[PDB]
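Here the structure is laid out as structure tokens; the discussion comes afterwards.
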Amino acid sequence: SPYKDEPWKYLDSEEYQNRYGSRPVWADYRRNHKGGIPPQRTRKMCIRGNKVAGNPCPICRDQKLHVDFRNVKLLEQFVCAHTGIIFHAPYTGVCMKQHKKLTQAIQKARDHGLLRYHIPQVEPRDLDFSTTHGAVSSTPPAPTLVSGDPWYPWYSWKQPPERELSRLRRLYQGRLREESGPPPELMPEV
Amino acid sequence: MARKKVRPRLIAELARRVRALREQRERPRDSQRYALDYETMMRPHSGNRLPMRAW
Amino acid sequence: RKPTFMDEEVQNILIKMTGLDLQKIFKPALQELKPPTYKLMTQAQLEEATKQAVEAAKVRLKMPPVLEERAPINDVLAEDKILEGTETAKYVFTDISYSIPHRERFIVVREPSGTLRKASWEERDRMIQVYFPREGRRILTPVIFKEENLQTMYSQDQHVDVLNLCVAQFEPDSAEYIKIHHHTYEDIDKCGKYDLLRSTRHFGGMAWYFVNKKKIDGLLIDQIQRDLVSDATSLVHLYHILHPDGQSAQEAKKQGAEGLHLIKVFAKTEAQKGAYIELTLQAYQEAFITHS
Amino acid sequence: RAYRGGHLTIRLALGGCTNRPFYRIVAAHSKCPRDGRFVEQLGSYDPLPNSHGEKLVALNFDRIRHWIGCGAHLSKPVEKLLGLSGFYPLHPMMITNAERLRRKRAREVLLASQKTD
Amino acid sequence: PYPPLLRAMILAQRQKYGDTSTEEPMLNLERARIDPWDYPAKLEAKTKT
Amino acid sequence: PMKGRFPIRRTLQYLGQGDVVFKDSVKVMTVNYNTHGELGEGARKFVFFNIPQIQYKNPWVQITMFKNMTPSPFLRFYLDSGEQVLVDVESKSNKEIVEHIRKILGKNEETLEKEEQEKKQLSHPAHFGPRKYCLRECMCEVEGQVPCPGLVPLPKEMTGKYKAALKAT
Amino acid sequence: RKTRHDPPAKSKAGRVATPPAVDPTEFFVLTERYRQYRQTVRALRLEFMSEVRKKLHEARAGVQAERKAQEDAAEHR
Amino acid sequence: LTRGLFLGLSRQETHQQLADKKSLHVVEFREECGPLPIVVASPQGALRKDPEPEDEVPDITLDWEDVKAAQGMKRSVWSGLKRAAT
RNA sequence: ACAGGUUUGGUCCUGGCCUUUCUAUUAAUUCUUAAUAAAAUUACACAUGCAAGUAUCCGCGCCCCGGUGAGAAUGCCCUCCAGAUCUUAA
Ligand SMILES: [Mg+2]
Ligand SMILES: [Mg+2]
Ligand SMILES: [Mg+2]
Ligand SMILES: [Mg+2]
Ligand SMILES: [Mg+2]
Ligand SMILES: [Mg+2]
Ligand SMILES: [Mg+2]
Ligand SMILES: [Zn+2]
Ligand SMILES: [Zn+2]
């Protein structure tokens, strides 16, 4: 591929018009299989390193076909013009490695406004828009919130009495541990 | 549930009466039930060891 | 008593200036196709099936509510300094109940700093889409709503699809909704593309925005070039409704002009391109009165 | 299935992914398995932070307070989620754990200060 | 005082009914008396009334 | 289908398009009609067409037909309270019987709306589980949350093996 | 798990549980915080029981249920 | 197969021929176009004002294969296979 | 089923078999690394290790989780629920 920057420059070239013309790139491609019904899963990957797997796919046999989200003229060939659904792999004939990339590039071109698709008319989210409810509006702050005290009086750490400390130290003899004062208000960083 | 070919299980109901008779006839008396080996802190009846905080 | 968008005195003008184009409203979309059905109808049964389609096209042309930008939610319910650094991330809690509206849901966030505050507007609708999803909405912001993709969609003349996508994605009282709805209205009149929103459900939105921004110059001449005088006289009437204190509203009252002269009054009082409006009016007069 | 006893309990059913937990806050019998039969699913808890750095916790308060008034027991992480949401008071275990973390920080700052000299 | 979210639930519940009362909601503690763990529990059969 | 005179009445659409839902009191419907005379033509066409449509939407209501017993066709509804609702049909057409029965003992549109609106409440959108009862199985598939490691592999810093390898040294 | 008929292990036969160390100035504040928390959750439980009582009595014999229980029979007659 | 295909394809009834033999407007109701009554063939000549007899129950010769395909009882593994293009 | 091969010197009809599609186990040949899911011959017999503990004694739990598909045409769905358990005065 000489372009390598603009994939659409090959679709409008003369080498595309004398090779494919007004027909899709997969019109003349015929997939060989074992019977009258082809396998539901196409070839996984037809380009393994530098060797081509025999009869290549429509996209893969011509290396100047770049699967990109910019060239919509190549991506519209794999999307139905009437139903707007993407053709499966056994329909066109591309290997699965390129079919997955085609679906990804079609989605990347659809969320960029480059490819047309259905945009339904969706009713608004809510029936009535009332910002007067207390869920979205401000609520009257608590008396402890306007003062700066914790929500419950037992949230803060209160120093226990020495009589209760000794009552615990008498019953839990032998299993004692080192005492710890009030924890710091702000925890320092590393 | 309720089926026409259910079998009249009599042994299962006889064993309930036997176990209910044994519960009151061989009811262990509380004297040997709450006995205690003060050296190993082990109940001679059930075979459980007392917690460490009760020694 | 300010004129609101839900008033019948403005809805009766907007519905009349929207117009009924069945071939545009009931247009074959890009969905799955099915074999159509056929039945033999007489002339009266055909007219009945047509008026049924008109009364269905009314619900198709139901106007979306245009609202003012909502106030940012800044409220703190509790502050627990004990949890200043116990966690790195913030916990988002959502009240889920089928029987309560989405405007009354409690969406709170416990920050890692320890404050239990209410979730912002950008988070409330995101969590509401997370736990009550609707077709057409995305969790993250779609890339298509960027200005370059918007420029590409405006160059492909897909403004109706941009609008039907923005109404589906965002809430009518949000900020990005008003932003994109105004950015598309800044382009459709810059390029004179009012013909795209002719028979869509978005004509009245751009009309009610153009009358609020006093940008009527091209919208008048397009309705004059489209041989539509009954739409322009009602557009100037709705301008006089919206701006009661003004020389254009008072000159028509003091003169007692007809619908055909209500356009000239605005074209002489407060028209920016009044010469172009008057040239279009002369060219419509000298082309209609001779031919018909 | 038929049980001899048990009680209704609001707990977290670890129905999720490998190296990616996801809890379903459901009200089930205490003799039922973790991911087994339940009575009614209340909410869902995502322990991992999303792209916005938020741990999504979802509570059906209208059924939670109903089952609590009907006699449903609560577990420690469920009470922790309720205390972090503010529907229930903060748990004394969360308070003491935060105090212990603060004391660990207060020990590490003095160790890092006495190490430099 | 109620927990913050539950208190805001009442502050938004009574507001929608047209109640302009800004009184602070309180939680009762009369029927919430609990005996300590040292209180011995009865062993007699409880009679269903 | 192909066998029968009117094969259309043996399809799910014809059985589902019949909008006749009895009340919770209706238990038995005894239809008594004749097989001769030009009068009972409407009752014969009712038994031929609408009886399956009523029996499809009322599976618990017993329906019993009696032929050539009384000279005048009629219906007889036996309710739960013991009241017997006698309906005379001598020259009524097929549709008039349906509309008269839906008028005397049926369910209004307002009554039929609230039952399905309450049935809709059972399937909650915010719930998770199998595809049969809920809309989402693995929370991974939410667009914002962490992807599903069966599809996108997790980074190295988040796996338990790497965590237990850092905890080892 | 094991069964009531499964004998205990030989290495667990002569093993008793060992209590951990106790910090008294932390244990006291933890016990008092436990009591102050359980009293509040008990009050909330009683309040929720009262809400369930109100909803059940309403859905059984409310001023809205009696209206329908009368008008249904009126329209029936 | 060829003789029957050509016979059935030659014995078709055009929409114009239907509107001529019924003296009624043949209106096409497309699904994706909503309730829009598209008219495909106009009954040239005397347009009869008498509506056709609206039969409440159509006595059409249904086929069990199409009834099965409409009711979704077609569980065959060869019906929904992915095949090549035309 | 969008079907195809096959009876006969040959044609038509009836009619069976097989092929083409997808999945699971085993076998043969071949084989590089990761992530996820699953591990499935046996109701034949088991060496050995672990799987029910907690607690100031009492007590409470101890096929509950987990395992299997032998028997049973067993059962699916639907009424009534004794009894057991959790909080309360009910
Ligand atoms: Mg797993
Ligand atoms: Mg032969
Ligand atoms: Mg093998
Ligand atoms: Mg014990
Ligand atoms: Mg099992
Ligand atoms: Mg047998
Ligand atoms: Mg019971
Ligand atoms: Zn290929
Ligand atoms: Zn997952």
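Following the order of the structure tokens, chains are lettered A, B, ..., residues in each are numbered from 1, and ligands are numbered from 1.
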
Expected selection as an MDAnalysis selection string for ligand 6 within 10 Å, only C-alpha atoms (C1' of nucleotides) and all ligand atoms: chainID I and resid 71:74

Interface rows for chain I against ligand 7: nearest pair, Å to one decimal, 10 Å, only C-alpha atoms (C1' of nucleotides) and all ligand atoms, as JSON lines:
{"residue": "I:81", "atom": "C1'", "partner": "ligand 7", "partner_atom_place_in_ligand_line": "1 (Mg)", "distance": 6.1}
{"residue": "I:82", "atom": "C1'", "partner": "ligand 7", "partner_atom_place_in_ligand_line": "1 (Mg)", "distance": 6.9}
{"residue": "I:83", "atom": "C1'", "partner": "ligand 7", "partner_atom_place_in_ligand_line": "1 (Mg)", "distance": 7.2}
{"residue": "I:84", "atom": "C1'", "partner": "ligand 7", "partner_atom_place_in_ligand_line": "1 (Mg)", "distance": 9.2}

Cut-off 10 Å, only C-alpha atoms (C1' of nucleotides) and all ligand atoms, neighbours of ligand 1 as a PyMOL selection string: (chain D and resi 14-21) or (chain I and resi 36-37)

Between atom CA of residue A:100 and atom CA of residue A:9 - distance in Å to one decimal: 23.5 Å

Within 12 Å of ligand 2 (only C-alpha atoms (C1' of nucleotides) and all ligand atoms), residues as a PyMOL selection string: chain I and resi 7-8+14-15

Expected answer as a list in words: chain H residues within 7 Å of chain F, only C-alpha atoms: residues 59, 61, 62, 63, 64 and 67 of chain H

Resulting file, chosen residues, N, CA and C atoms, as a CSV table (one decimal), in the first residue's frame:
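File produced: again-v8.csv:
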chain,number,residue,atom,x,y,z
H,59,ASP,N,-61.7,-17.6,6.5
H,59,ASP,CA,-61.7,-19.0,6.2
H,59,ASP,C,-60.6,-19.3,5.2
H,61,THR,N,-57.1,-21.1,3.8
H,61,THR,CA,-56.4,-22.4,3.8
H,61,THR,C,-55.0,-22.2,4.4
H,62,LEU,N,-54.9,-22.3,5.7
H,62,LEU,CA,-53.6,-22.2,6.3
H,62,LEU,C,-52.8,-23.4,6.1
H,63,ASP,N,-51.5,-23.3,6.4
H,63,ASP,CA,-50.5,-24.4,6.2
H,63,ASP,C,-49.8,-24.6,7.5
H,64,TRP,N,-49.6,-25.9,7.9
H,64,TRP,CA,-49.0,-26.2,9.2
H,64,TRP,C,-47.6,-25.8,9.3
H,67,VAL,N,-47.7,-22.1,10.1
H,67,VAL,CA,-48.2,-21.9,11.4
H,67,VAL,C,-47.1,-22.3,12.4

Expected answer as an MDAnalysis selection string: chain G residues within 12 Å of chain F, only C-alpha atoms: chainID G and resid 68 72:73 75:77

For the residues selected in the previous step, produce a file with N, CA and C atoms as an mmCIF file, in the first residue's frame.
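What landed in part25.cif:
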data_model
loop_
_atom_site.group_PDB
_atom_site.id
_atom_site.type_symbol
_atom_site.label_atom_id
_atom_site.label_comp_id
_atom_site.auth_asym_id
_atom_site.auth_seq_id
_atom_site.Cartn_x
_atom_site.Cartn_y
_atom_site.Cartn_z
ATOM 1 N N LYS G 68 -63.051 0.452 47.351
ATOM 2 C CA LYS G 68 -63.124 -0.534 46.280
ATOM 3 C C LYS G 68 -63.970 -1.732 46.685
ATOM 4 N N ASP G 72 -67.104 -2.266 44.084
ATOM 5 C CA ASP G 72 -67.152 -3.481 43.278
ATOM 6 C C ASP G 72 -68.499 -4.177 43.418
ATOM 7 N N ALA G 73 -68.982 -4.335 44.652
ATOM 8 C CA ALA G 73 -70.277 -4.972 44.857
ATOM 9 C C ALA G 73 -71.413 -4.095 44.354
ATOM 10 N N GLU G 75 -71.312 -2.054 41.656
ATOM 11 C CA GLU G 75 -71.371 -2.279 40.217
ATOM 12 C C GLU G 75 -71.816 -3.695 39.876
ATOM 13 N N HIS G 76 -71.518 -4.672 40.735
ATOM 14 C CA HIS G 76 -71.973 -6.036 40.484
ATOM 15 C C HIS G 76 -73.492 -6.131 40.555
ATOM 16 N N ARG G 77 -74.091 -5.599 41.627
ATOM 17 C CA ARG G 77 -75.550 -5.609 41.727
ATOM 18 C C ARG G 77 -76.194 -4.811 40.600
#

Just want the residues within 9 Å of ligand 8, written as a compact mmCIF listing (two decimals) with N, CA, C and O atoms, in the first residue's frame, counting only C-alpha atoms (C1' of nucleotides) and all ligand atoms.
# COMPACT_ATOMS: atom_id res chain seq x y z
N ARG A 43 -12.83 -19.23 8.01
CA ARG A 43 -11.42 -19.38 8.36
C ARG A 43 -11.05 -18.40 9.47
O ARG A 43 -11.45 -17.23 9.45
N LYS A 44 -10.29 -18.89 10.45
CA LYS A 44 -9.90 -18.04 11.57
C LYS A 44 -8.99 -16.91 11.11
O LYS A 44 -9.34 -15.72 11.22
N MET A 45 -7.82 -17.25 10.58
CA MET A 45 -6.90 -16.27 10.03
C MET A 45 -6.27 -16.86 8.78
O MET A 45 -5.77 -17.99 8.80
N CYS A 46 -6.29 -16.09 7.70
CA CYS A 46 -5.78 -16.56 6.42
C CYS A 46 -4.39 -16.01 6.09
O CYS A 46 -3.81 -16.42 5.08
N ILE A 47 -3.86 -15.10 6.90
CA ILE A 47 -2.52 -14.56 6.73
C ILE A 47 -1.73 -14.93 7.98
O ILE A 47 -1.82 -14.24 9.00
N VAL A 52 0.34 -16.88 2.74
CA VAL A 52 -1.09 -16.73 2.53
C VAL A 52 -1.73 -18.11 2.47
O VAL A 52 -1.19 -19.03 1.83
N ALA A 53 -2.88 -18.26 3.12
CA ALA A 53 -3.54 -19.56 3.25
C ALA A 53 -4.34 -19.85 1.98
O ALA A 53 -5.57 -19.77 1.95
N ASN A 55 -6.35 -19.84 -1.16
CA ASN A 55 -7.29 -18.87 -1.72
C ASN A 55 -7.66 -17.83 -0.68
O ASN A 55 -8.34 -18.17 0.30
N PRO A 56 -7.25 -16.58 -0.83
CA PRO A 56 -7.48 -15.58 0.23
C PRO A 56 -8.87 -14.98 0.14
O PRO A 56 -9.63 -15.19 -0.81
N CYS A 57 -9.19 -14.19 1.16
CA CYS A 57 -10.48 -13.53 1.29
C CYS A 57 -10.54 -12.30 0.40
O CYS A 57 -9.51 -11.85 -0.11
N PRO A 58 -11.73 -11.75 0.16
CA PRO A 58 -11.81 -10.53 -0.66
C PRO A 58 -10.98 -9.37 -0.13
O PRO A 58 -10.28 -8.71 -0.90
N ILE A 59 -11.05 -9.11 1.18
CA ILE A 59 -10.27 -8.03 1.76
C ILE A 59 -8.79 -8.37 1.78
O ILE A 59 -7.93 -7.50 1.60
N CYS A 60 -8.46 -9.65 1.96
CA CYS A 60 -7.09 -10.06 2.26
C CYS A 60 -6.26 -10.31 1.01
O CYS A 60 -5.03 -10.17 1.06
N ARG A 61 -6.89 -10.70 -0.10
CA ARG A 61 -6.14 -10.96 -1.33
C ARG A 61 -5.59 -9.69 -1.95
O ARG A 61 -4.62 -9.76 -2.72
N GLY A 93 -17.29 -13.66 3.09
CA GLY A 93 -16.24 -14.63 2.85
C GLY A 93 -14.91 -14.28 3.49
O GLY A 93 -13.91 -14.98 3.30
N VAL A 94 -14.88 -13.18 4.25
CA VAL A 94 -13.65 -12.77 4.92
C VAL A 94 -13.34 -13.71 6.08
O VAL A 94 -14.25 -14.28 6.70
N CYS A 95 -12.05 -13.87 6.38
CA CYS A 95 -11.66 -14.66 7.53
C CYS A 95 -12.05 -13.94 8.82
O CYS A 95 -12.22 -12.72 8.85
N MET A 96 -12.19 -14.72 9.89
CA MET A 96 -12.72 -14.18 11.14
C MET A 96 -11.85 -13.07 11.71
O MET A 96 -12.38 -12.14 12.33
N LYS A 97 -10.54 -13.13 11.49
CA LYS A 97 -9.65 -12.09 11.99
C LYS A 97 -9.96 -10.75 11.35
O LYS A 97 -9.83 -9.70 11.98
N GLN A 98 -10.38 -10.76 10.09
CA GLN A 98 -10.78 -9.53 9.42
C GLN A 98 -12.24 -9.19 9.65
O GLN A 98 -12.60 -8.02 9.64
N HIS A 99 -13.10 -10.19 9.87
CA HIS A 99 -14.50 -9.91 10.17
C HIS A 99 -14.65 -9.19 11.50
O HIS A 99 -15.44 -8.25 11.62

Interface residues on chain A facing chain I, 6 Å, only C-alpha atoms (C1' of nucleotides), written as a PyMOL selection string: chain A and resi 35-37

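All residues in stretch 24-250 of chain C with a DSSP state of strand (DSSP E), computed from the backbone, read residues 37, 38, 39, 40, 41, 76, 77, 78, 79, 90, 91, 92, 93, 94, 95, 107, 108, 109, 110, 115, 116, 117 and 118 of chain C.
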
Can you write just those residues out, C-alpha atoms, as a PDB file, in the first residue's frame?
ATOM      1  CA  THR C  37     -49.640  -6.153   4.090  1.00  0.00           C
ATOM      2  CA  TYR C  38     -52.376  -5.213   1.633  1.00  0.00           C
ATOM      3  CA  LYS C  39     -56.115  -4.692   2.025  1.00  0.00           C
ATOM      4  CA  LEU C  40     -58.801  -3.361  -0.309  1.00  0.00           C
ATOM      5  CA  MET C  41     -60.063   0.064   0.797  1.00  0.00           C
ATOM      6  CA  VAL C  76     -23.204  17.773  52.329  1.00  0.00           C
ATOM      7  CA  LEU C  77     -25.301  15.503  54.548  1.00  0.00           C
ATOM      8  CA  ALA C  78     -22.603  14.482  57.039  1.00  0.00           C
ATOM      9  CA  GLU C  79     -18.882  14.908  57.679  1.00  0.00           C
ATOM     10  CA  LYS C  90     -15.333   6.891  47.035  1.00  0.00           C
ATOM     11  CA  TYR C  91     -18.483   4.855  47.641  1.00  0.00           C
ATOM     12  CA  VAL C  92     -21.540   5.728  45.537  1.00  0.00           C
ATOM     13  CA  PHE C  93     -24.874   4.637  47.021  1.00  0.00           C
ATOM     14  CA  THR C  94     -28.100   4.677  45.012  1.00  0.00           C
ATOM     15  CA  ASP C  95     -31.731   4.435  46.114  1.00  0.00           C
ATOM     16  CA  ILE C 107     -27.825   9.231  45.116  1.00  0.00           C
ATOM     17  CA  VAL C 108     -25.194   9.831  47.803  1.00  0.00           C
ATOM     18  CA  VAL C 109     -21.399   9.572  47.721  1.00  0.00           C
ATOM     19  CA  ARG C 110     -19.088   8.907  50.676  1.00  0.00           C
ATOM     20  CA  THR C 115     -17.800  13.507  53.781  1.00  0.00           C
ATOM     21  CA  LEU C 116     -21.182  12.035  52.827  1.00  0.00           C
ATOM     22  CA  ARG C 117     -22.335  14.419  50.101  1.00  0.00           C
ATOM     23  CA  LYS C 118     -24.961  14.303  47.380  1.00  0.00           C
TER      24      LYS C 118
END

Distance filter 9 Å around ligand 9, atoms: only C-alpha atoms (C1' of nucleotides) and all ligand atoms, out as an MDAnalysis selection string: (chainID D and resid 16:18 20:22) or (chainID F and resid 137:141 146:151)

Expected selection as a ChimeraX atom specification for ligand 3 within 9 Å, only C-alpha atoms (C1' of nucleotides) and all ligand atoms: /I:25-27

May I have the selected residues written with N, CA, C and O atoms (P, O5', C5', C4', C3', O3' and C1' of nucleotides), as a PDB file, in the first residue's frame?
ATOM      1  P     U I  25     -15.587 -32.912  26.419  1.00  0.00           P
ATOM      2  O5'   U I  25     -16.109 -34.247  27.111  1.00  0.00           O
ATOM      3  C5'   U I  25     -15.207 -35.130  27.752  1.00  0.00           C
ATOM      4  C4'   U I  25     -15.503 -36.571  27.424  1.00  0.00           C
ATOM      5  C3'   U I  25     -14.348 -37.354  26.833  1.00  0.00           C
ATOM      6  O3'   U I  25     -13.420 -37.780  27.812  1.00  0.00           O
ATOM      7  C1'   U I  25     -16.308 -37.793  25.593  1.00  0.00           C
ATOM      8  P     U I  26     -11.850 -37.550  27.579  1.00  0.00           P
ATOM      9  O5'   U I  26     -11.373 -38.910  26.908  1.00  0.00           O
ATOM     10  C5'   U I  26     -11.844 -40.157  27.396  1.00  0.00           C
ATOM     11  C4'   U I  26     -11.852 -41.206  26.315  1.00  0.00           C
ATOM     12  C3'   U I  26     -10.604 -41.279  25.454  1.00  0.00           C
ATOM     13  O3'   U I  26      -9.546 -41.982  26.077  1.00  0.00           O
ATOM     14  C1'   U I  26     -12.521 -41.342  24.073  1.00  0.00           C
ATOM     15  P     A I  27      -8.024 -41.558  25.796  1.00  0.00           P
ATOM     16  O5'   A I  27      -7.729 -42.147  24.348  1.00  0.00           O
ATOM     17  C5'   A I  27      -7.834 -43.540  24.093  1.00  0.00           C
ATOM     18  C4'   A I  27      -7.683 -43.840  22.625  1.00  0.00           C
ATOM     19  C3'   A I  27      -6.518 -43.156  21.931  1.00  0.00           C
ATOM     20  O3'   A I  27      -5.292 -43.837  22.123  1.00  0.00           O
ATOM     21  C1'   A I  27      -8.473 -42.887  20.634  1.00  0.00           C
TER      22        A I  27
END

Residues of chain D within 9 Å of chain C, only C-alpha atoms counted, as a PyMOL selection string: chain D and resi 42-43+49+53-63+81+84-86+94-95+97-99+101-102

Resulting file, chosen residues, N, CA, C and O atoms, as an mmCIF file, in the first residue's frame:
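Below is the file that was written, again08.cif:
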data_model
loop_
_atom_site.group_PDB
_atom_site.id
_atom_site.type_symbol
_atom_site.label_atom_id
_atom_site.label_comp_id
_atom_site.auth_asym_id
_atom_site.auth_seq_id
_atom_site.Cartn_x
_atom_site.Cartn_y
_atom_site.Cartn_z
ATOM 1 N N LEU D 42 -31.855 -7.488 47.055
ATOM 2 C CA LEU D 42 -31.996 -6.089 47.443
ATOM 3 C C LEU D 42 -31.138 -5.172 46.576
ATOM 4 O O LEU D 42 -31.655 -4.269 45.913
ATOM 5 N N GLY D 43 -29.828 -5.397 46.570
ATOM 6 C CA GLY D 43 -28.934 -4.505 45.858
ATOM 7 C C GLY D 43 -27.681 -5.183 45.356
ATOM 8 O O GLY D 43 -27.597 -6.412 45.337
ATOM 9 N N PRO D 49 -13.001 -0.401 41.872
ATOM 10 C CA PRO D 49 -13.330 0.933 41.359
ATOM 11 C C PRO D 49 -13.412 0.929 39.841
ATOM 12 O O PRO D 49 -12.673 0.213 39.161
ATOM 13 N N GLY D 53 -13.235 5.799 39.354
ATOM 14 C CA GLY D 53 -12.734 5.586 40.698
ATOM 15 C C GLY D 53 -13.804 5.507 41.763
ATOM 16 O O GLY D 53 -13.570 5.934 42.898
ATOM 17 N N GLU D 54 -14.974 4.967 41.432
ATOM 18 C CA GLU D 54 -16.082 4.850 42.369
ATOM 19 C C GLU D 54 -16.470 3.389 42.537
ATOM 20 O O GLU D 54 -16.552 2.639 41.560
ATOM 21 N N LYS D 55 -16.709 2.991 43.783
ATOM 22 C CA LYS D 55 -17.199 1.653 44.093
ATOM 23 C C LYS D 55 -18.720 1.709 44.128
ATOM 24 O O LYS D 55 -19.306 2.238 45.077
ATOM 25 N N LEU D 56 -19.356 1.167 43.093
ATOM 26 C CA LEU D 56 -20.800 1.285 42.955
ATOM 27 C C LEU D 56 -21.500 0.386 43.964
ATOM 28 O O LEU D 56 -21.395 -0.842 43.902
ATOM 29 N N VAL D 57 -22.226 1.004 44.888
ATOM 30 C CA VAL D 57 -23.028 0.297 45.875
ATOM 31 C C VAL D 57 -24.479 0.688 45.649
ATOM 32 O O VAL D 57 -24.805 1.878 45.595
ATOM 33 N N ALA D 58 -25.342 -0.308 45.500
ATOM 34 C CA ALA D 58 -26.743 -0.093 45.186
ATOM 35 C C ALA D 58 -27.593 -0.772 46.243
ATOM 36 O O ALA D 58 -27.442 -1.976 46.481
ATOM 37 N N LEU D 59 -28.506 -0.006 46.836
ATOM 38 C CA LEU D 59 -29.343 -0.458 47.937
ATOM 39 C C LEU D 59 -30.799 -0.183 47.597
ATOM 40 O O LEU D 59 -31.138 0.920 47.158
ATOM 41 N N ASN D 60 -31.653 -1.190 47.778
ATOM 42 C CA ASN D 60 -33.101 -1.005 47.684
ATOM 43 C C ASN D 60 -33.624 -0.764 49.095
ATOM 44 O O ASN D 60 -34.089 -1.672 49.784
ATOM 45 N N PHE D 61 -33.531 0.497 49.529
ATOM 46 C CA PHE D 61 -33.878 0.848 50.903
ATOM 47 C C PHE D 61 -35.322 0.497 51.235
ATOM 48 O O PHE D 61 -35.622 0.106 52.369
ATOM 49 N N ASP D 62 -36.222 0.612 50.256
ATOM 50 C CA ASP D 62 -37.638 0.387 50.517
ATOM 51 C C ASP D 62 -37.914 -1.060 50.900
ATOM 52 O O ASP D 62 -38.827 -1.328 51.689
ATOM 53 N N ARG D 63 -37.140 -2.000 50.360
ATOM 54 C CA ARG D 63 -37.251 -3.394 50.759
ATOM 55 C C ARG D 63 -36.323 -3.741 51.912
ATOM 56 O O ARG D 63 -36.631 -4.654 52.686
ATOM 57 N N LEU D 81 -21.690 -1.389 54.892
ATOM 58 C CA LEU D 81 -22.194 -0.652 53.740
ATOM 59 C C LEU D 81 -23.308 0.303 54.150
ATOM 60 O O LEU D 81 -23.392 1.425 53.638
ATOM 61 N N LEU D 84 -21.626 3.256 55.854
ATOM 62 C CA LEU D 84 -20.984 4.137 54.886
ATOM 63 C C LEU D 84 -22.008 4.888 54.046
ATOM 64 O O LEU D 84 -21.731 6.001 53.588
ATOM 65 N N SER D 85 -23.190 4.302 53.830
ATOM 66 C CA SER D 85 -24.240 5.005 53.101
ATOM 67 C C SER D 85 -24.961 6.022 53.970
ATOM 68 O O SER D 85 -25.479 7.015 53.450
ATOM 69 N N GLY D 86 -25.010 5.798 55.280
ATOM 70 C CA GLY D 86 -25.720 6.690 56.167
ATOM 71 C C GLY D 86 -27.133 6.271 56.499
ATOM 72 O O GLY D 86 -27.834 7.018 57.193
ATOM 73 N N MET D 94 -15.730 -0.194 62.366
ATOM 74 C CA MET D 94 -15.123 0.765 61.449
ATOM 75 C C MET D 94 -14.440 1.889 62.206
ATOM 76 O O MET D 94 -13.354 2.334 61.809
ATOM 77 N N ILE D 95 -15.027 2.321 63.321
ATOM 78 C CA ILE D 95 -14.432 3.416 64.079
ATOM 79 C C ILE D 95 -13.108 2.983 64.697
ATOM 80 O O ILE D 95 -12.089 3.679 64.587
ATOM 81 N N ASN D 97 -11.229 0.441 63.731
ATOM 82 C CA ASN D 97 -10.260 0.146 62.682
ATOM 83 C C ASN D 97 -9.636 1.422 62.133
ATOM 84 O O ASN D 97 -8.435 1.451 61.842
ATOM 85 N N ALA D 98 -10.422 2.494 62.003
ATOM 86 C CA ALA D 98 -9.840 3.764 61.579
ATOM 87 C C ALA D 98 -8.882 4.304 62.634
ATOM 88 O O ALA D 98 -7.816 4.839 62.301
ATOM 89 N N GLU D 99 -9.231 4.148 63.914
ATOM 90 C CA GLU D 99 -8.320 4.566 64.975
ATOM 91 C C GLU D 99 -7.018 3.772 64.931
ATOM 92 O O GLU D 99 -5.930 4.334 65.111
ATOM 93 N N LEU D 101 -5.701 2.343 62.273
ATOM 94 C CA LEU D 101 -4.942 2.792 61.112
ATOM 95 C C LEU D 101 -4.228 4.103 61.408
ATOM 96 O O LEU D 101 -3.065 4.285 61.025
ATOM 97 N N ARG D 102 -4.905 5.019 62.104
ATOM 98 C CA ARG D 102 -4.269 6.276 62.484
ATOM 99 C C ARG D 102 -3.081 6.033 63.406
ATOM 100 O O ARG D 102 -2.050 6.705 63.291
#

Point-to-point distance in Å for atom CA of residue A:119 and atom CA of residue A:6: 28.4 Å

Residues of chain G within 7 Å of chain D, only C-alpha atoms counted, as a list in words: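 Listing them in order of chain and number gives residues 30, 33, 34, 37, 45, 46, 48, 49 and 52 of chain G.
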
Distance limit 10 Å, reference ligand 5, atoms considered: only C-alpha atoms (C1' of nucleotides) and all ligand atoms. Which residues make the cut? Give them as a PDB file with C-alpha atoms (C1' of nucleotides), in the first residue's frame.
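Contents of selection-v5.pdb, as written:
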ATOM      1  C1'   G I  66     -20.233 -29.784  50.817  1.00  0.00           C
ATOM      2  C1'   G I  67     -20.885 -34.887  47.983  1.00  0.00           C
ATOM      3  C1'   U I  68     -23.600 -38.242  44.857  1.00  0.00           C
ATOM      4  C1'   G I  69     -27.629 -39.638  41.173  1.00  0.00           C
TER       5        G I  69
END
